[PDB]
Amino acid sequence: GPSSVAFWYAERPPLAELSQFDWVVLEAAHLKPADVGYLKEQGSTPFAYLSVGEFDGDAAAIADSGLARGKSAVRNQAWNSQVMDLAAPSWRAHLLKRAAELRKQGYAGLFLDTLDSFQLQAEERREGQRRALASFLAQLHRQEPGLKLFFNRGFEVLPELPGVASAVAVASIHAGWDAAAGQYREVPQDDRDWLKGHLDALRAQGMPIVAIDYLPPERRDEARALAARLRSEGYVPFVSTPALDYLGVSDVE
């Protein structure tokens, strides 16, 4: 598990600065293999972002990808991201190929996003999706044992995947982001109450838990205090912006 963690999804990652974090999660499109190797040389462990449950892109972006057959026309679909059928062969094949490409680039692991997006499907279809998700993650782990798998949540499949995840992230614990509104928004107690049962099960298993909380740059003093608060509560935190385009904070100064 990480001593500290940073996420950076924007262009031009400041590599010297990110290299001082223990785990760093990156959008690989913005790095070359020499950059990934540099982070490892400095002693950091670099992860590549990989969205498992959704195709990141508008429609027509997905048209040019050759993956359209696998898109699920869910009711509450977000613009610029498409929920994918985790049982569709072209989608699973795409993800495994991407995993191999990212291994070849030198990434020590993958940060697996949208593990709960199948919950947007019609209720009677969710179990089929959950089982396809679990079987996919088991196949990914078997095919790429050299990639540490850093789950974003995934509570509905973690219990059936012992030894698979190296850590589990939760956005968010105290300070969150309302993407629908484009507003920073504290995490309601309701959300922490629902998380407690899942996080306690992970804590009991010794699973490292990362907190991804959100505060804007002008509240950097508050972000440091929150980082400290999250560490006192057992999390390895990163407190940053929702674009992950900012050198946020994981620990004290």
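All residue numbers are counted from 1 along the displayed sequence.
A.B. asks: Of 26 to 34 and 182 to 190, which one has the bigger average CA B-factor?
C.D. replies: The deposited B-factors put 182 to 190 ahead on the C-alpha mean.
A.B. asks: Do the C-alpha atoms of 228 to 236 or of 14 to 22 have the higher average B factor in the entry?
C.D. replies: Between 14 to 22 and 228 to 236, it is 228 to 236.
A.B. asks: Among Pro216, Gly53, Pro208, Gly66, where is the Cα B factor highest in this entry?
C.D. replies: The listed residue with the largest C-alpha B-factor is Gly66.
A.B. asks: Using the temperature factors in the entry, find which of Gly106, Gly176, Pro159, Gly146 has the highest value at its Cα atom.
C.D. replies: Each of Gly106, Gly176, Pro159, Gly146 was compared by C-alpha B-factor; the highest is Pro159.
A.B. asks: Quick one: classify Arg98 as lowest, middle or highest third of the chain based on its Cα B-factor.
C.D. replies: Middle third by C-alpha B-factor.
A.B. asks: Going by the CA temperature factor in the PDB record, which third of the chain does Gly43 belong to: lowest, middle or highest?
C.D. replies: Tercile = middle for this residue's CA B-factor.
A.B. asks: Taking the values exactly as deposited, rank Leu112 by C-alpha B-factor within its chain and report the matching third: lowest, middle or highest.
C.D. replies: Lowest third - that is where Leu112 ends up once the chain's C-alpha B-factors are sorted.
A.B. asks: Going by what the PDB entry lists, where does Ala78 fall on CA B-factor within its chain: lowest, middle or highest third?
C.D. replies: As the PDB entry reports it, the C-alpha B-factor of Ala78 lands in the highest third of its chain.
A.B. asks: Comparing against every modelled residue in the chain, figure out the third that the C-alpha B-factor of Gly1 lands in (lowest, middle or highest).
C.D. replies: Highest third - that is where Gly1 ends up once the chain's C-alpha B-factors are sorted.
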